[PDB]
Every structure is written in C-alpha cells, then in structure tokens.
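Some notes on the structure that comes next.
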Amino acid sequence: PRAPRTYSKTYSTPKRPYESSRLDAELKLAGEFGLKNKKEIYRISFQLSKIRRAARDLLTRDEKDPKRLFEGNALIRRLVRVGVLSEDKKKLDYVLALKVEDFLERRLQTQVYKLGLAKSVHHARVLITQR
Amino acid sequence: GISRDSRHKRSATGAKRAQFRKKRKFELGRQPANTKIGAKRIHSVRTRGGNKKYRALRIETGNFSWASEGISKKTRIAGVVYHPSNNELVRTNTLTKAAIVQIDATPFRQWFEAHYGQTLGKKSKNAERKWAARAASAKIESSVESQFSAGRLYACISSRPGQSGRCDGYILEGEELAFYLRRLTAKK
Amino acid sequence: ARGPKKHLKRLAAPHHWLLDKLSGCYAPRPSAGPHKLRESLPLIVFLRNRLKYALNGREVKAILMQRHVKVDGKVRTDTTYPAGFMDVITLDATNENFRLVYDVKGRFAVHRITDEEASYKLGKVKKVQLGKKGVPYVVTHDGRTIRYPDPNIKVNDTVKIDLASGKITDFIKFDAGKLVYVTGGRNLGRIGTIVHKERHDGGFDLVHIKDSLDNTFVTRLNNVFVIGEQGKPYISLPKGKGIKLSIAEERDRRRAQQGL
Amino acid sequence: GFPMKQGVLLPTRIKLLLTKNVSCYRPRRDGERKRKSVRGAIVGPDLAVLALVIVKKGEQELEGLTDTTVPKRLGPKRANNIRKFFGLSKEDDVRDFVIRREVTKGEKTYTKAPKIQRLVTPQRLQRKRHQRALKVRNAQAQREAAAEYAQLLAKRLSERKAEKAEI
Amino acid sequence: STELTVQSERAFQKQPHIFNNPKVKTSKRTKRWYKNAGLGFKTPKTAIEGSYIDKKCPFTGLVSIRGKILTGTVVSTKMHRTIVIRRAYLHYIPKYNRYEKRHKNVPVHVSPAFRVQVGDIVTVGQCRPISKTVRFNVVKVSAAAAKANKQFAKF
RNA sequence: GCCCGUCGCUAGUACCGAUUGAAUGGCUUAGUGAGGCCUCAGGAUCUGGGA
RNA sequence: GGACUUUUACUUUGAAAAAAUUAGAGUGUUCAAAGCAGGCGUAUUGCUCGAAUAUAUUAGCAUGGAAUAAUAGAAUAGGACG
RNA sequence: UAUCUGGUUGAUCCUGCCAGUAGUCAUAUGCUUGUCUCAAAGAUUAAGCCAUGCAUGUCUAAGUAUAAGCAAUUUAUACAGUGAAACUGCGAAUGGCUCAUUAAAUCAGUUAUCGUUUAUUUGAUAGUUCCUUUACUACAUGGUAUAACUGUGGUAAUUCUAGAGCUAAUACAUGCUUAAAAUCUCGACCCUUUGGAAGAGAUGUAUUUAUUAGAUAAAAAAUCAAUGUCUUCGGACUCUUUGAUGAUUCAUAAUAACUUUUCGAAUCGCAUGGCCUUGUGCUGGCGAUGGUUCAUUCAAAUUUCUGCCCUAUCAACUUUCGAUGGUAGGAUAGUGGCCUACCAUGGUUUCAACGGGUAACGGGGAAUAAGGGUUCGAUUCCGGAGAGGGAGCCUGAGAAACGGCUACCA
Ligand SMILES: [Mg+2]
Ligand SMILES: [Mg+2]
Ligand SMILES: [Mg+2]
Ligand SMILES: [Mg+2]
Ligand SMILES: [Mg+2]
Ligand SMILES: [Mg+2]
Ligand SMILES: [Mg+2]
Ligand SMILES: [Mg+2]
Ligand SMILES: [Mg+2]
Ligand SMILES: [Mg+2]
Ligand SMILES: [Mg+2]
Ligand SMILES: [Mg+2]
Ligand SMILES: [Mg+2]
Ligand SMILES: [Mg+2]
Ligand SMILES: [Mg+2]
Ligand SMILES: [Mg+2]
Ligand SMILES: [Mg+2]
Ligand SMILES: [Mg+2]
Ligand SMILES: [Mg+2]
Ligand SMILES: [Mg+2]
Ligand SMILES: [Mg+2]
Ligand SMILES: [Mg+2]
Ligand SMILES: [Mg+2]
Ligand SMILES: [Mg+2]
Ligand SMILES: [Mg+2]
Ligand SMILES: [Mg+2]
Ligand SMILES: [Mg+2]
Ligand SMILES: [Mg+2]
Ligand SMILES: [Mg+2]
Ligand SMILES: [Mg+2]
Ligand SMILES: [Mg+2]
Ligand SMILES: [Mg+2]
Ligand SMILES: [Mg+2]
Ligand SMILES: [Mg+2]
Ligand SMILES: [Mg+2]
C-alpha cells in the first residue's frame, strides 16, 4: 500500500543480432565518442526512435492543429535547447530527419573535448568521472 | 436465520445458482407473532438501527373506528370470523391485518344513543337542542343497526399486531359489509 | 463490508487537493460535516499544504487546539474537518481571512478576503420544504437549515447568509443571465452569466453558460451556483476571474512575463 | 473447585450457558456468553467446602466468630443515605455527619471525608434556574420569529392585492 | 387483464383510504381515485371510467414510474395482468466491425386500463419491484391490433 | 533402383479389460438430529400483578 | 398551461465522468529512471510561476444532421381534413 | 515502430511445417558480480498445518475517588492536587491479509429509492409532564444494589471464581415543573326567540387506526341537509386563503380515539456578579455532556440499462419441497415468492436456454509496438468474498464478526 514507484527502461536492442554492417557502424561511433557500451548507442537510438514517432504522428494532423502546434513547438524548442536541432531547420520535418550523431555530439563527454580542455574523448571520460 | 435474499431461489430461466456469500443479518427475517385473543401479552423486538417493534401475542381490546360517524372507540375483541388468507387463522382466532372480527357494540351504542337520543334497533335542555339539530342524520343503515341487537359488530382489522402491538380496525360498512355478510352465510 | 470505512488511501484522495504520490500511504479522511467528502478541503490540508503554516500533521493539531483557526465564524478543532466551497476560514492572530472558492483548474484557491466580506457567505438553496408545525425552512448546500425564508425563495437560488447570526439577508433568483460559479464537472471553476436552461423532465436539466470572453459551455444544473449579476458578483472572485485559457494562451502568458 | 449455583437443583455437575448478571461467570466482553461447568446446589460428599451463614447464634460462643467483630469499610456517601444512617430530616445539614477517617502521615494525622452527592447546592440551583429560563426565553423568541413572518406573509398579500389593483 | 367480477377475491377489493359514506346518498356508488403518472403519458379514460381495482396500476394504483422508459414489443399475454416484451438490439462486435441481433425478454405489469395483444409495440416505465421478475409497467400502447379486421371474409 | 505386409527382438505411449474395481471433490433422497433463536410452560429467590 | 405525437439504425457535438498507469507540457533530481517540484530578492522578519493537456470507445444521457438501410400509412375505405 | 533466414530435390519452382531471430512488471535455474539511485518479494503447489512473542485499546477544567496510594501546602471539616484499581462512556464492524468459492454471480460504466435503515459530524428543533383542579404531590433535587476494596475460601490447571461485609454515578430505577391565548365538546340555569348562557372538561411530542384539508383545465346558476360572519331584519356574503415534483394517498396540518406511553436535563466544569421589601431572598456569565424530531454529512441495503472465458461427445430447460403470475397476510429497515394460504398455468431457449468445464474473484490495468490484433491481470488503487469447514447468534448505529460466543465435523 504505497503508490508504485514508476520506472521504464531507456534502451532498445537490435532485432538482427549479427549484422556486420550495423556492427562496424556501431563500433565506429563508440570509438569516436568514447562510449563503453553498445548500449550507449542502443540508448540513443531508442531516444531518437520515440522522438521520430511523436513527429511522424504530429505530421499526420492538419497544419496548425492545436495539439500539433502546441506539442510540436514544444519538442522543437526542447531539441534546439540542447543543440541537436539547427536554428534554420526548426520545423519538425527535419526533426523527422535527425541522426544519432547529432545526439552523441552534445554529450558532456564530447563538449569537454571539443574545445580542447582534454585532447582525446577518453581523457574526456576519465576527467568527468573524476570530479 | 430466516433469510429474505433472492439468491436462494431459481432464476427466471430456471437456473440453479451457486452459493455466493453466507447469510447476512441485513436480509434476516423473524417468525410470526400469530397474535391471539385475550389478556395482554406484548414483547418488543429490537429491530435494525436502534428501533423497536412490538410483537403482540394475545390481545383483547383494540381501537375501532365507525368511519361514517367519524368516531372511534376502544372495545373488547370478541373473536375472528373470516380471513381471506387462511381459514386456520379464523378457527384458531388469530389476529392479523385483514382479519374480520366481531367486537362489542356497547361502546358504540352508548355513544350513539347519547349523541342522537334515538336508541338502536327495536330530557336535558341543550341536549334536546343538539338532538333536534341532528336526525336526518341518524338514519343508520339496516345491516349495521341489526348487528347491535346481538351486541356484536363486524369489523376489519386495519393494523398490524405483529408489528405494532395494536389490534386496530374499522366497523364494516356498506359494500364491504355486504361482501362479508355474503361470504359469512354463503359458507355458513 | 460491516461498517463505516474510516481510512483514506492516498491515491483514492481527491485530486484537487494536490497531495504528492509518495511520502506516506494515506491521506486525511474528511470527517463528516457540512460538505461532501470528495468536494471538500480538510483543515489539515489547508493549514499545511496550501498555507505552509504547519509542516507536520502534528503541528496542525497544535495550531488548532489553541483555537487559532475558525471556520464560518465558529472555532472548529477537528484536524480533518470538511471545509468546503463558500466557507470562510479565519486566523485572528495573523489577522487573516480566507474564502474557499475554486480555481479554473478545478482546485481550491488560496484567496485572501477583507475583514468585512469575511463576515458573510453565499448558500445555494438545495431544498425548500414545509417543516413540522407548518414552519417553512430552506437548506443550503453546506447543510444549514434556515427557518422562515422568503416565500419567493425557491430551489437553486443563492442566498446571502449573515454568519454572525443564522439569518438570510438577501437572495438571488435562478434567472436567465445571472453570474454563475461552476462547482463540479470538467468546467469546475469557470464563471459566466447563464444563457438558458434545458428542461428534461425526469433527469438532469442542463444549464447553458457564457462567460465574459464570449466563450460557451454546458453543465448539469446540479453544478451551477448563482453568485450575482453580469458584472456584480456578490463575493470577490480569484485572479483569473474564472475565464480559462487554452494551453497555448496560458503558455504565452507565462512566457510573456519572462524578463527579470 | 467448581462453584455451586443456586437453583440448579441436582447434586452433580452440569455445563451451562451463562450470561451477564449471573453466578459463576464474569463476561469478558459485551454480549459474551460462555458455556461452563457448574456444581449443583445439593450437597454431597464430593464437595471440598460448604458455605454456611449463621442465622441464629447457639448456646455457646464460636471462637473467632461471635467473639470478634469487623467494622464496615465505607460510610454513607450519598446525601440522603447519610440522612438515613443517622435519621435527620431535610433540616439537619449533612456536612457534619459525613464520616471522617483518620490517617497518620508520620508526624501528621490527616482527616479525609467522602464527597457528598445529590447534595442540594447553590451551583445546582443556579443550573436549574438557567434551564427553566432558556425554555421560556427561547419560546417567546419563537413566536416573535413566527409573528415577523406572518407579517412578511400578510404584507405580501397586500402587495398582491395592490398589484391586482394597479393593472 | 382482470375482466368481469372485479369482486372475485376472498378479500374485498378496494382502493385504500377512498371512503364512501353510506349515509350520504351518492350517484355513482363508488368514489374512485386516479392520478396523472407524469412524463406526459395520458392516463387513459378506461382507468377513470373503470371499476377494476389493481394496486399496481400506474394511474389508479400505488406505484410510480421513475427511471428507464423503454419500448419493446409484446410477445406473450398469458399471465393474468402482466406481459412479456421482446427488446431487440444489434450488438457491436469491434474486431469484425459488425453487429449481431440480440434480444432480451422483459416482464411488465399491465393495467386492465389497457388491452394488449401479441404484436403490439408498448411503452413501459420502470417502477419499484412489483414481483420477482417485474420492474416495469405498461404505460402506453403505441399500437392497436396490427390490422386484425382487415383480413375478414370474402366479397 | 525403389518398395508392401505377416512373422521375430528392445523400449515407449495410449486403448480394451473380470475385479458391479479404487480415490478425491460438488450437490442430494430417506432416516437420526446438536445448538442458538422464537414460543406454551416452569418458579431456586426477590420484590412491588412484576422481575 | 392544455390538447396529440409511427417506430429504429447510423453519424455529429456535448454533458457525466478516480486517482496511479499511458500519451504528453513545464521544471537542469549533478545525468538519468524518477519526483512535482521549484524560481526570484533587500538571502535581517519576503517576493513569486506551478502542480497543465490528451485518451477515456460498448451501453445509458443530451444536441445537430436527414445521405445510406430498415419500420409504419388509404383498397370490402372502419381513409383524410371542417 | 510495415525486413525475415536454415531444412524436402540431381537441380527447380511451390505447398507446408520444424528450427533460427527479437521482447516480456515472466517465473525458475546456472555461472559471474565493484559503485549510485530505485526496491518487488511463500501468489502458482497445500483457503495445508502452526511452537513462541507481538498485532486494540482508550480520560478532558468538564460522569463516578475515603486507594488503609503518592503528595503536601494553602483559604478550603463534604469534595477540591495527583492518581492505581474499578464502574460508566466510546472503540474493537476501521485497518491488515488472502483469492478458496463465485459464469448473469461478482464487477464496470450507467440508473432508481414516489422502496428503506442510518452511531457520528454539521445546522435546525421542545413554556403543555401532577390532579374531580381549597385544607395537596420530595424540586433546596426522591430509591437501592453493586464493582473495585476488606476479609473467609475451593481447584493440578486458564484473563475460573464461590460464601460473607461495605460504598458511587451522566450505571440502574424512579419522578415534580411554566406565560397568555384561542378553538372544541359538554353543559346549571331562562324563554320561547332569530334563540344565550355563566363554568366544567379537553387539546405538548411520539405511538396506532380511521376520517378530512392539501385548490388551480376558462367561466356561471338553482336546490336538499347540516351552519358560519356582518343586518339599514326583505337579506346579503363583498376582498376571500394556499408549498414542492415529470408524477403521489407528497411535505405540512385538522377531527375521534388509541398506547404494559417514546421524548420533554434529578448531570458536569469554570468564573461569582448584580438587584431590595436584608429572606443567605430573587436573579445571573461562559461551555460540557445529554435529549426528541427534521435536515446534513459518513454510510448501507436493494435496484434499471448493457457488457463475461471454453463447451452441443450439453437441446430442451424450470414447479421434489416456488418454478412464472394474481389476492390477502405474515415477516423485513423496507420493495419483492422473501415466506405462507388460496387460485391460475405460467417462465427461459439455435439471437444457444439448461447442463458441464475453468490450473475464473471482477475492474483500473500489464506484455507485444505499421495497423487490425494476440496473450495476461493471485498481486500497491476501487469493488466483492473469506478467516480450518459448515450453521447458528449475542452485543451494537453498523457483524450473520471469527485476534466474539454457541453447536456439530476435522
Ligand atoms: Mg411462532
Ligand atoms: Mg478523519
Ligand atoms: Mg431524481
Ligand atoms: Mg451528583
Ligand atoms: Mg396465469
Ligand atoms: Mg463522444
Ligand atoms: Mg489526469
Ligand atoms: Mg536434409
Ligand atoms: Mg540434399
Ligand atoms: Mg543425378
Ligand atoms: Mg519457433
Ligand atoms: Mg498459498
Ligand atoms: Mg503474495
Ligand atoms: Mg501435491
Ligand atoms: Mg484525594
Ligand atoms: Mg478491510
Ligand atoms: Mg434491588
Ligand atoms: Mg440513560
Ligand atoms: Mg373547493
Ligand atoms: Mg398547491
Ligand atoms: Mg402523509
Ligand atoms: Mg451571592
Ligand atoms: Mg465429454
Ligand atoms: Mg403475491
Ligand atoms: Mg405447469
Ligand atoms: Mg453455440
Ligand atoms: Mg479459483
Ligand atoms: Mg481473467
Ligand atoms: Mg485483480
Ligand atoms: Mg489462485
Ligand atoms: Mg466477513
Ligand atoms: Mg490455514
Ligand atoms: Mg454441505
Ligand atoms: Mg463467523
Ligand atoms: Mg478482524
């Protein structure tokens, strides 16, 4: 008798277990952004996956439908907020585009490296977890 | 206890039902008063929510209304005479609602002869006045007046003795009296 | 199940209280009183969750047992006493008066009112019967009985009540075009006039309502509480004035007041 | 050790349903009844003890019985009971007849009396006075409210008769 | 139903508390009480004109109509003073996005103010439990005979 | 080349089957019938007809 | 207020509608799953935004539509209006 | 978030299934295991069985204190502080647990009570109680009988208790009271009219019955019986009063009586004040607890409409010993075949009744992501049911209660 603590998982795993292209594709990302997991990519794919779903849906509603206008605007401003969605391409048909790398580019890991300050994605890992 | 649920009992389709829950006291019933005549005996039963019912068993007087005369009087209850539900009720003289009784006449006689100065069947100043005002209003009714000569008046219990401890009713009259006189002799 | 239920599982609590999910398990159960369980605001809730005066429930009993808080004129010392819409809550110390009256989101708002207005209230008359010995009485939504009302007073009219005394000092008929507060349903909190009444013999008259933004909606009679004239309310309304804005309109307001 | 029970008749044991207010049982709870063994009221050699109650003294003195004597624990506490245990009429005033029990606190002897009850007092008379007052005062206030309405109703009639004479 | 006799019981049939004083010489023998059931259901003349008793009559009796007001069609008139109606309705079954004919039979009281016959559409108003099965009372006949006389003999 | 059935071996499953076979569970006739409740009585005792 | 009304399906809009879950807005729990918080100052006697919205369908209720599909009508005239 | 691959042939295209693949608030097991936060957990099988401990008790200034209890001071020779025990009151019907039963049942959404009960909370609500009505009734206040206790006891043994002696009340049981007025019945008289009258009783609330009012669909007349108010004595009656609902025999009131007569304060705490004829007179402050009736609130009980999984190797079912309806009663809080008596022959069914299965509590919901679907829900919230099995019942507003009793079975 206490309200459920709610939860949910934050990743999804590839249906095809051993696809060699997807595996090379994944590894390259890991070796670019200092990841340790295929899950750190699995996670983002999943984040993207819903964002796109939302956007697909919104798109089916009439132009300037209240929900579409309200909930689309919200999602766009949330994405521009963190630097995933460019200023020009600010109208959700491009959030319908939007790649995994656009997301990985904005992790504190990378930002800590992008303006020197670490000079290797991995030096960037170690610094961060070390206060 | 006696239970008043519907959940025993077959369904309109004729289906047998499972036992769903045990008896609760809020569907309870109790046994009949089967109230009889004579010498007051009343027990109270504690009913739902605080609350009393009074279970008359044995009764000998009731309060009886002569509707057309607009008065009521308390009389002895002579006895039961006809019952539409069960003839055993008559044979045993059980008092219930709808029972046909005979009562006493003498309280109703005394009133009538004092109020009309007429006497059924067969000198003050203001009294004379009041009587002379009345009449053209004292012309009774054959089938009621004849009863007085026997000292006994047919009446229908209109209360519920098992419920209220009262055995009350009204004198039979007109059509309703016609009806039971017929039954009485056309079964006598 | 054998008798009167005596607890209230938090989650089964009404939502317009705005209790949190965790931190506990139960919510307070409104004592019996003038207002129904699910359309009430227990003192505990008001003294702690809105006014923030108490932190504990323990300190609510402490505040209350010194007879600090008094409702509708009278003192009241029940932690979970059922306060409700139109009632008046007073803190003599802190020199503060309150009226319980709704948001636009359907909640009970914290609403400071002046000391004078703090000495009367409005009552929807809920029934008008002939009582024993021929004395006619009215009954208002907060369960007051008032003997000898005005013969013109009928059910659904609102009524201005002294408080200091028991008596009525004015009433307002349920007519086409009178200021209305909506107390129940989705449109809980909305305010606006009355366009017209749908009849429907044998169940639920409908009251068509328009506000001061030329916006329209409907509720069951039941949910309609007369409170004055187009313009003239008979009590002060909370800020917002019961108008309800779209989520867009409310977004734009909130992000219009942005520059510190 | 089972007790006898007046009126069973019988000279053995039986098990009875006992209730509130009865020998050989003390209910633990409202409406509790317990089935319990009981010994009959006829004496046989199976008894461990008889209980006897001297009704007439004999030709000689029983030791620790006739020759010793034990005072009642408590005295009359209720007003009129003090009256009767001294025979006093309602004139004597009780407070001086109430019993007082001495008791030593080392080198201080104390004196504690009951607390008379149903004692007629000023404070009681004050509360009798008040009640009688409220009834009447209310009652008078209750016609007034009726009369004020009867007016309101009557001078409504004279507005629906002056309206019926306007048009 | 009723028909004939009216006084055909062990118990004398009367409307309660509707006293007719024998002393007062009236010209209609029995004083009769009736009411307007409400919702604009005309209390038919056969009830006011009537002499039948029936304490379950919506117009001359001790019941009341309140709650559901359903219509259905008469399917059995074997019970003395009560009938059975069939209420058809199509029940929507989502997965197939189509419907199936269903029905329910419903027992209802029928005042001898009415002359119902199998085939009539009848409007019934809910009342208090009147018997084990019956929660409804025929309140108006939205029918007649369904063209009975128009099948008679030859030319 | 493929291939059918009887006959013989090992192992497994289910069927039939004297035992008017056996077990569990739900209802249930007839007979016996605790207990409390209600009721006709009773009256240890104990009061002013009543407990 | 009276006096009387062929009967259905379908569709629309709306009322009545528990929270939690779900979808989803706002908010940088250090991130996040969460939570419903929180955010500004004179941080010495206080100011302030919230705690949305959507879905909730079968049935019942209330309103608009009159296509599609049923039902009923006047022929032994016991037809219609006055 | 609309994807498939391996396996039949010599090779081929098919059909088709087996296998692979991915998720699972989906359980187990194995191996391995450092940190943060979060945190389910004897449901599945056996609603099988349970050692021991705990899970229900409770006191305000304000019901009861002579503890032979503690405390002393502080005005207290009735009591007065504090307070064990005990009586009284309230609570133990909530909560917590489980999922055996249960398939039109429960449950959901939606209804109904003009079909009832309702401790409590809240707001209203009570001038009437006696009596052949001058030698008058305790109201400045009526009765005992009990716990605790003291003391004599019993039994191996329990929250076993007996005999004897005390004493309380907001326990038990009794029992007085208050203004004026009007309306009714009676009626000593007196006098004949058109007729009038002193004075006598009755009329709180509740209970039970009978009777009446509770108008209103637009307007008018005559007559019979009783009989009101005003005569400019042939006559007139003029103004005439009416609540709610869709609907009532509704709310409310009036008449005649009824009742082993319900309620109408014999209670408690603080303050002690006015007033003059100086009675310890007569008044009198704030609020506690109670009290009948109505309303309200927390409820409850029934209840309308529609909606359940598999099954025909279940087709007819229902009245034995109620099945379906009618009348009357009885019983209930109350409707109702709920039960009984009389009477009738009804009620359901291929639009699947009835029966069987369920390793079935129902719902909010969960899992699976093109869509349509498929599968699951013992389990944090709502509803229901149960306490080893059955039944019975005491108390009480509320239980057919099991951390209550009684009986049977185990
Ligand atoms: Mg009996
Ligand atoms: Mg509470
Ligand atoms: Mg209604
Ligand atoms: Mg006292
Ligand atoms: Mg029949
Ligand atoms: Mg809709
Ligand atoms: Mg929500
Ligand atoms: Mg192969
Ligand atoms: Mg091969
Ligand atoms: Mg080859
Ligand atoms: Mg497979
Ligand atoms: Mg288990
Ligand atoms: Mg479990
Ligand atoms: Mg096993
Ligand atoms: Mg002391
Ligand atoms: Mg529970
Ligand atoms: Mg005694
Ligand atoms: Mg008492
Ligand atoms: Mg009239
Ligand atoms: Mg009226
Ligand atoms: Mg009535
Ligand atoms: Mg003084
Ligand atoms: Mg088979
Ligand atoms: Mg019957
Ligand atoms: Mg038959
Ligand atoms: Mg089939
Ligand atoms: Mg099961
Ligand atoms: Mg299931
Ligand atoms: Mg479940
Ligand atoms: Mg299970
Ligand atoms: Mg139970
Ligand atoms: Mg067990
Ligand atoms: Mg059995
Ligand atoms: Mg039990
Ligand atoms: Mg329990």
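Numbering, chain C: per Swiss-Prot, residues 2-261 in sequence.
Technique stated in the header: X-ray crystallography, 2.8 Å.
Any Cβ shown, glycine's included, is placed from N, Cα and C.
Features of the protein shown, as given by Swiss-Prot:
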type: CROSSLNK; residues: C:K62; note: ubiquitin cross-link
type: CROSSLNK; residues: C:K134; note: ubiquitin cross-link
type: CROSSLNK; residues: C:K161; note: ubiquitin cross-link
type: CROSSLNK; residues: C:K168; note: ubiquitin cross-link
type: CROSSLNK; residues: C:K174; note: ubiquitin cross-link
type: CROSSLNK; residues: C:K179; note: ubiquitin cross-link
type: CROSSLNK; residues: C:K211; note: ubiquitin cross-link
type: CROSSLNK; residues: C:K233; note: ubiquitin cross-link
type: DOMAIN; residues: C:42-105; note: domain 'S4 RNA-binding'
type: MOD_RES; residues: C:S32; note: phosphoserine
type: MOD_RES; residues: C:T115; note: phosphothreonine
type: MOD_RES; residues: C:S247; note: phosphoserine
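Relative to C:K233 (ubiquitin cross-link), the recorded positions with Cα atoms inside 10 Å are C:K179, the candidates having been C:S32, C:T115, C:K174, C:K179, C:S247.
Taken residue by residue, the domain 'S4 RNA-binding' (C:42-105) breaks down under DSSP into 19 helix, 18 strand, 27 coil. For C:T115 (phosphothreonine), the spatially nearest entry among the recorded positions C:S32, C:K62, C:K134, C:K161, C:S247 is C:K161, judged by CA separation. In three-state terms derived from DSSP, C:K134 (ubiquitin cross-link) belongs to a helical segment. Look at the recorded sites C:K62, C:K168 and count other Cβ atoms within 10 Å of each Cβ; C:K168 has the fewest. A distance below 8 A between C-beta atoms marks none of the recorded positions from C:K62, C:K134, C:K179, C:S247 as lying next to chain B. There are 9 other Cβ atoms within 10 Å of the Cβ belonging to the residue listed as 'phosphothreonine'. Put simply, C:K174 is the one of the recorded positions C:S32, C:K174, C:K211 whose Cα lies nearest to the Cα of C:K168 (ubiquitin cross-link). Separating the Cα atoms of C:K179 (ubiquitin cross-link) and C:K62 (ubiquitin cross-link) is a whole-number distance of 41 Å.
Within the same chain, residues at least 6 positions away in sequence whose Cβ sits under 8 Å from that of C:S32 (phosphoserine) are C:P43, C:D79, C:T81, C:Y82, C:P83. Of all the Cβ atoms in the protein chains shown, 17 others lie within 10 Å of the Cβ of C:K211 (ubiquitin cross-link). Taking the Cα of C:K161 (ubiquitin cross-link) as the reference point, the closest of the recorded positions C:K62, C:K174, C:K211, C:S247 is C:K174.
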